[PDB]
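Colleague: part one of the complex, left exactly where it sits:
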Amino acid sequence: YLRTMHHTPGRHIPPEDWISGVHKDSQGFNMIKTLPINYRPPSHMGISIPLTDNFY
């Protein structure tokens, strides 16, 4: 029940700014992306023709 596998993200985003969402990449870039409601990732056909069946 204890043997597992874990991936360290390697990005080191603090939890507090993760809640906030405006963490800065030492230049001005946004660490954290807030997905739009009812988002679905694109399909092979086009960035705007989704077909995944999974919702975020």
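Modeller: Good, I have the coordinates. Residues are numbered from 1 along each chain as shown, chains lettered A, B, ... in the order given.

Colleague: Now do the phi/psi pair for the most centrally placed residue in chain A.
Modeller: In chain A, the centroid-proximal residue (Cα atoms, centre = their mean) is residue A:33; its distance is 6.0 Å. Taking degrees, to the nearest 10, you get phi -100, psi 130 for the backbone angles of residue A:33.

Colleague: ok, it to residue A:2 distance?
Modeller: Using Cβ to Cβ, to the nearest Å, we find residue A:33 at a distance of 33 Å from residue A:2. (C-beta placed from N, C-alpha, C; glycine too.)

Colleague: Check residue A:44 too.
Modeller: From residue A:44 to residue A:2 the distance is 40 Å (Cβ to Cβ).

Colleague: Between the two, tell me which one has more neighbours.
Modeller: The neighbour count for residue A:44 versus residue A:2, taken as other Cβ atoms under 10 Å, is higher for residue A:44 (6 against 3).

Colleague: The more buried one: helix or strand, and which one exactly?
Modeller: Assigned by DSSP states H and E, residue A:44 belongs to neither a helix nor a strand.

Colleague: now the strands for chain A?
Modeller: In chain A, no strands are defined using DSSP state E.

Colleague: In it, what residue spans correspond to helices?
Modeller: A:15-20 (DSSP state H).

Colleague: which residue sits closest to residue A:35, ignoring its sequence neighbours?
Modeller: residue A:56 (5.3 Å; Cβ to Cβ, 6 or more residues apart in numbering).

Colleague: add chain B to what we have:
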Amino acid sequence: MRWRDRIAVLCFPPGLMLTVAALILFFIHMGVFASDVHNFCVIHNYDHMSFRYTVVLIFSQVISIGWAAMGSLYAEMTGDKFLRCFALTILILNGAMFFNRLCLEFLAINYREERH
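Modeller: Let me add chain B to what's already shown:
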């Protein structure tokens, strides 16, 4: 009636061959753009477009512009006013198709596939 009888018997002065050869291309292009702007807009179908031929369409439209230019000057070098008021539109006519077929591309840019 002399004008048609001559060229009915035999071939044509150079300006007529090229210029009209761009009128068919203007229609062959006017058809496809219509269907593509049909499918993108009315039946809202994104499958039956171009994007399998997005290069040959644009390539031809360059030929269809260039050929109008070469044919136009020959008419203006001859100076026939009937041709002169004719071809100049066909230069600008096909100039309209190129600037429209180019905005349909930057519109269906998030609908074609991916390359980057």
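
Colleague: sorry, back to before: look up how far chain B lies from the residue nearest to the centre of chain A.
Modeller: 18 Å (Cβ to the nearest Cβ, to the nearest Å).

Colleague: what's the burial count for residue 20?
Modeller: No chain in the question, so chain A it is. Using other Cβ atoms under 10 Å in any protein chain shown, residue A:20 has 11 neighbouring residues.

Colleague: switch to chain B, that's the one I care about
Modeller: Using other Cβ under 10 Å, the number of residues around residue B:20 comes to 15.

Colleague: So it versus chain A, what's the distance?
Modeller: Separation of residue B:20 from chain A (Cβ to the nearest Cβ) stands at 38 Å.

Colleague: Okay, and that residue sits in which element?
Modeller: Counting by DSSP H and E, residue B:20 is part of helix B:14-41.

Colleague: Which residues of chain A lie near chain B?
Modeller: A:44-49 (Cβ under 8 Å from any Cβ of the partner chain).

Colleague: Contacts only, for the residue nearest to the spatial centre of chain B.
Modeller: The centroid of chain B falls nearest to residue B:26 when counting by Cα atoms, centre = their mean (3.1 Å). Contact analysis of residue B:26 by Cβ atoms under 8 Å, 6 or more residues apart in numbering or on different chains lists B:64, B:90, B:93-94, B:97.

Colleague: Chain A: which of these is nearest?
Modeller: Ranked by distance to chain A (Cβ to the nearest Cβ), the contacts of residue B:26 are led by residue B:97 at 24.3 Å.
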